[PDB]
Amino acid sequence: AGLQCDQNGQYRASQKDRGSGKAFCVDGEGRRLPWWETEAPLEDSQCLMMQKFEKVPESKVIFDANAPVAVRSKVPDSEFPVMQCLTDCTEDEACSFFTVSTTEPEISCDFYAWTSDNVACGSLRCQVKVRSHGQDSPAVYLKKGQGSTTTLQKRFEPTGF
């Protein structure tokens with residue numbers, strides 16, 4: 001079905017989707033990314049950062065208008081409210097809760113570094129409870145972590161081993 005297969009037997013992490021002009025950018029498997037970007041330069045580097053996210057959390061209960069915006073809130077002063085704020089937290093650590101405030105007069109990118117907890121837990125009977133940061137038009141995104149994290153005056157490095 002196309003899917004723009006590069007060299008080296010390797011799958012490209014960006015596809016100019018010719019079905020309607022979209023830009024879908026999955027990695028080398030078949031696990032979809034539920035969003036849209038049509039008529040925009042979404043190459044590999046603009047999605048290799050976008051691959052480094054958990055997309056939509058559990059949208060069950062949003063509640064607790066407390067524990068405020070931890071560091072900053074930059075407005076999107078360009079023609080892309082997501083791709084401008086894409087680098088703006090990933091060229092930093094601790095940008096865990098992240099959303100574009102899509103209210104009507106102005107727009108701004110939200111930044112929660114970290115909170116106290118996001119869970120109240122073979123201990124399999126256990127799942128995450130992240131969304132407790134407001135009820136409005138913005139929809140939160142998650143950094144997905146996995147490299148060079150920091151939280152509550154305690155740095156962390158991927159030492160491996």
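Numbers here mean position along the shown chain, with the first residue as 1.
The backbone N, Cα and C atoms fix where each Cβ goes, and this holds for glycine too.
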(request) In Swiss-Prot, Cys121 sits in a disulfide bond; tell me which of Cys109, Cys126 is on the other end. (result) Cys126
(request) Looking at the disulfide bonds in Swiss-Prot, identify which of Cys5, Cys47 pairs up with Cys25. (result) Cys47
(request) Can you sort out which of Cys85, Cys89 is the disulfide partner Swiss-Prot gives for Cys109? (result) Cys85
(message) Which residue in the list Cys5, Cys89 does Swiss-Prot annotate as forming a disulfide bond with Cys95?
(response) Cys89
(request) Within 10 Å of each Cβ, count the other Cβ atoms, then let me know which of the disulfide-bonded residues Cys25, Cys47, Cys89, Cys109, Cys121 comes out lowest. (result) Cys121
(message) Are there any residues at least 6 positions away along the chain from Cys85 (disulfide bond) with a Cβ closer than 8 Å to its Cβ? List them or say none.
(response) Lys74, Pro76, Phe98, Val100, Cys109
(request) Tell me, if you would, which residue among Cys95, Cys126 (disulfide-bonded residues) has the fewest other CB atoms within 10 Å in the structure shown? (result) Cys126
(request) Please report the DSSP secondary structure of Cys47 (disulfide bond), reduced to three states. (result) helix
(message) Need the DSSP three-state call for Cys95 (disulfide bond) to compare against my parser.
(response) coil
(request) List only the single closest residue to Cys95 (disulfide bond), chosen from the disulfide-bonded residues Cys25, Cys47, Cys126 by CA-CA distance. (result) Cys47
